[PDB]
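Q: need a structure here:
(2 chains)
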Amino acid sequence: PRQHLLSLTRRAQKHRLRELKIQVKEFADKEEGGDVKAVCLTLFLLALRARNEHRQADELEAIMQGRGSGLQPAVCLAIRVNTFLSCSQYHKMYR
DNA sequence: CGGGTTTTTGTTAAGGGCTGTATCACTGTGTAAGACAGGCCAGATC
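A: Numbers count the residues shown, from 1 in each chain, chains lettered A, B, ... in the order given. Let me share the structure:
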């Protein structure tokens, strides 16, 4: 009995979308170079802007570009150094 | 109360990559004065 897509587990969702996975990967590496993740997030942003949710698309662009809700290692290194944090104290703080 | 049928859930093997944890040899905080026995000279003395 079918219930819903996101109600399944990871392996079950993979079993259910293996066909679309193969199709998208082949039709993306035929002509579009082969970057599967690129075509994936591009199609997702397009389907999301179809619902004109500018906010969600901007947040996803920020996440996938590293500029919000998550720091690149250089910035947190500068924070760990310029604030005189130790390696164990930063660890506790990060733990 | 089971077949027929369907959607979830493991299961093996080998390799890759990110995350967490044990291990090594060490540290910094326990830090100033007083009690007492022995020697010794200045001096009252009988």
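
Q: what does chain A have sitting close to DNA strand B?
A: Residues of chain A lying near DNA strand B by C-beta under 7 Å from any atom of the strand: A:1-3, A:7-9, A:11-12, A:15-16, A:95. Where C-beta positions appear, they are placed from N, C-alpha and C, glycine not excepted.

Q: take those and write them to CSV, including secondary structure and neighbour count.
A: Converted to CSV, the residues of chain A next to DNA strand B look like this (DSSP: H, G, I helix; E, B strand; the rest coil; neighbours: other C-beta atoms under 10 Å):
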residue, secondary structure, neighbour count
A:1, coil, 2
A:2, coil, 7
A:3, coil, 7
A:7, coil, 9
A:8, coil, 15
A:9, coil, 8
A:11, helix, 8
A:12, helix, 10
A:15, helix, 11
A:16, helix, 13
A:95, coil, 6
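
Q: how about the strands of chain A, start to end?
A: Applying DSSP state E to chain A gives no strands.

Q: would you list every one of the helices in it?
A: Per DSSP state H, chain A carries helices over the ranges A:10-29, A:36-49, A:54-65, A:73-82, A:87-94.

Q: buried ones in the fourth one?
A: For helix A:73-82, the neighbour count (16 or more other C-beta atoms under 10 Å) marks residue A:80 as buried.

Q: repeat that for the second one.
A: Within helix A:36-49, the residues that qualify as buried are A:39, A:41, A:45, A:48, counting by 16+ other C-beta under 10 Å.

Q: of all of chain A, which residue lies closest to DNA strand B?
A: residue A:9 (3.4 Å; C-beta to the nearest atom of the strand).

Q: make CSV out of the residues of chain A next to DNA strand B and add distance to residue A:71.
A: Putting the residues of chain A next to DNA strand B into CSV (distance: C-beta to C-beta, whole Å) gives the following:
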residue, distance to residue A:71
A:1, 44
A:2, 41
A:3, 38
A:7, 33
A:8, 33
A:9, 31
A:11, 32
A:12, 34
A:15, 36
A:16, 35
A:95, 16
